[PDB]
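Chain identifiers are assigned alphabetically (A, B, ...) following the order of the sequence lines, protein sequences preceding nucleic acid strands; residue numbering begins at 1 within each chain. Scope of the values below: all heavy atoms of this structure, side chains included, with no hydrogens, waters or symmetry mates.
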Amino acid sequence: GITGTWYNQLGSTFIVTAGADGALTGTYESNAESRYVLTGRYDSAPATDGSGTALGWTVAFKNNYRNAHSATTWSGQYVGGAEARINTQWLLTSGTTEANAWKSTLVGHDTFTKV
Amino acid sequence: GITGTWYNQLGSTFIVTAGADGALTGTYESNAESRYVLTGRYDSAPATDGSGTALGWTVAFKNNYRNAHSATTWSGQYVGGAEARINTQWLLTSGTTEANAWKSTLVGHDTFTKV
Amino acid sequence: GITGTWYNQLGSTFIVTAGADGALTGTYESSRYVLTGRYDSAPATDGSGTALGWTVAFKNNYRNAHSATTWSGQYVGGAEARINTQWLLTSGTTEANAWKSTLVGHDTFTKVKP
Amino acid sequence: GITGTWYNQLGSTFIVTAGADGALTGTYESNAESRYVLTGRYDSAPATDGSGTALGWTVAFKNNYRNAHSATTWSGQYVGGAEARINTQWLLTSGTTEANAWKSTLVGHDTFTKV
């Protein structure tokens, strides 16, 4: 149930394909200039006791039009049902010098839904 | 630079290839039963001011022999500098029922060297 | 403002007093546990929220989970006042297990109970 | 073993007193202008299994001389011995309008020593 289009609570969209071999591939859209490659992995053989399915993905915010010198990783789980959701925590890291490496990484969370 | 074999503090091993317009491919190891696919992205065109290179990757802990029902993401940066390092922060999510979701994610930090 | 009884999404109760010097004191029920913390007693005019944080160690007369949680976040006043936080829960582990010592999560607190 | 003067890798210094039933009280500094109150809690009855002692504390970055409109919380554990250390992860949150809340919280790690 992961394959498809997902929307977060504030304008972002991603299209993902979940491969048989646990791969996650797609596009993240924040114009073709706000589109980025997404790649990741997911548990292709989860438990059927009501647990969600573990997954993660990465976007590096560089495309042929712009480069924010920053990458985000999302770690979380897919939960199906009538109300399917991907609940995540993410880490945003920017390229800094050594002296500023202390302030390099933001942390947040994101919920994605199919509508 | 990023391409190579890296080791963290505890002793795990990650072999990565940096290619494409920023693809990260490879394996994580902690023997063949401990090997898992890794996938991520990186800033293929970092700043020229001495900043590091942002990157992220994902490992889902399922292979042909084992399934921990969980995935880890590393968010961080590559420093070419003195000895090259990758300094990361990570999130490990496990699939949980919805009632135990509050304790699904661990957070920690990892430094990699080619030594 | 911040002073009052707060509840998170999971029904836990946070009774806190905001002092005039930026101290936060009170009690947390996830019986009760002592909480202490700090807040910005003079935030920005500009519509910014108020930065704050607090800690609870999960030890009282009944039980001891050998753990402490810290919440860091901000208060946003409004028709619906709310406190948006990220938290870190650290348990005592041996050295070899330290890598799995810390959970991370997010709590939203509100003056109305779920 | 917690009561005293602790130092992180970045210069920063913290003086804490551990009260008998779990209180942590002290100052965080790096001159008066750079001095701020800290308060936290610790497990006043740790396990005897050689596990460490859980604690946490908070500093809000406001004193009589300046206001960063920020608060940092440290969550971690005291590890005793000759090489006594406090290992932490932290969250730094800044006040932000609702529009900039995604980028309000920094995450990182710090290690404290008695020397």
Side-chain angles (χ1 to χ4, degrees), chain C residues 21-25 28 33-44 46-61 63-76 78 82 84-98 101-104 106, chain D residues 21-25 28 36-64 67-79 81 85 87-101 104-107 109:
Chain C
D21 61 329
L24 247 26
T25 50
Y28 189 83
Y33 297 91
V34 170
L35 79 95
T36 192
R38 305 288 296 165
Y39 73 106
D40 179 6
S41 50
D46 66 7
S48 285
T50 299
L52 86 187
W54 70 88
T55 303
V56 167
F58 290 104
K59 181 196 174 274
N60 62 12
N61 293 176
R63 338 226 58 115
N64 192 354
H66 298 311
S67 297
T69 302
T70 69
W71 293 255
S72 196
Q74 41 176 147
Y75 165 92
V76 207
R82 87 185 71 274
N84 300 328
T85 70
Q86 306 247 210
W87 56 261
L88 295 168
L89 171 43
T90 310
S91 289
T93 71
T94 59
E95 260 176 282
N97 272 4
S101 70
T102 311
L103 293 168
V104 59
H106 58 104
Chain D
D21 192 44
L24 244 36
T25 46
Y28 191 82
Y36 311 84
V37 166
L38 83 86
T39 200
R41 308 275 309 160
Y42 75 101
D43 177 3
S44 62
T48 14
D49 52 11
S51 292
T53 297
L55 34 75
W57 70 86
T58 296
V59 176
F61 290 120
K62 183 206 178 246
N63 56 18
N64 311 307
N67 193 351
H69 297 308
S70 284
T72 295
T73 68
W74 289 258
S75 190
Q77 41 188 138
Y78 160 81
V79 176
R85 281 156 305 126
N87 301 306
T88 64
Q89 309 233 218
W90 55 260
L91 299 179
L92 159 30
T93 295
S94 299
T96 73
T97 61
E98 305 157 55
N100 302 301
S104 71
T105 311
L106 294 167
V107 61
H109 57 91

**Item:** Distance, nearest 0.5 Å, that separates CD of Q89(D) from OG of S101(C)
**Value:** 7.0 Å

**Message:** Heavy-atom cut-off 4.5 Å, strictly under: side chain, backbone, both or neither for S44(D) against chain C?
**Reply:** both

**Options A98(C), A44(C), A65(C), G22(C), ranked by heavy-atom pairs under 4.5 Å with chain D, top entry** = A44(C)

**Request:** Test side chain to side chain donor-acceptor pair (under 3.5 Å) on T90(C) and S75(D) and set out the steps.
**Result:** CA-CA 6 Å; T90(C) 310; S75(D) 190; 2.8 Å; yes

**Complete:** Between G92(C) and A54(D) the two heavy atoms that sit nearest each other are N-CB, 4.0 Å

**Asked** Are side-chain heavy atoms of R38(C) and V37(D) found at a separation under 4.5 Å?
**Response** yes

**Prompt:** For the candidates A23(C), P43(C), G47(C), which exhibits the highest count of non-hydrogen atom pairs separated by less than 4.5 Å from chain D?
**Reply:** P43(C)

**Prompt:** Just how far is it from atom OG1 of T94(C) to atom CD of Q77(D), taken to the nearest 0.5 Å?
**Reply:** 8.5 Å

**Asked** Would a 4.5 Å heavy-atom cut-off, applied to side chains only, mark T96(D) and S48(C) as touching?
**Response** no

**Segment of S91(C) engaging chain D (4.5 angstrom heavy-atom cut-off)** = backbone

**Item:** Interface moiety of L55(D) toward chain C, non-hydrogen atoms closer than 4.5 Å
**Value:** backbone

**Complete:** When rounded to the nearest 0.5 Å, the distance separating CG of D21(D) from NZ of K59(C) is 4.0 Å

**Message:** Determine whether a donor-acceptor pair (N or O, by modelled atom type, separation under 3.5 Å) exists between the side chain of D43(D) and the backbone of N64(C).
**Reply:** no

**Message:** Side chains of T73(D) and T55(C), heavy atoms from C-beta outward: is any pair under 4.5 Å?
**Reply:** no

**Message:** At a 4.5 Å cut-off on heavy atoms, which part of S67(C) comes close to chain D: side chain, backbone, both, or neither?
**Reply:** backbone

**Prompt:** Out of curiosity, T39(D) OG1 to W54(C) CH2, how far, rounded to the nearest 0.5 Å?
**Reply:** 14.5 Å

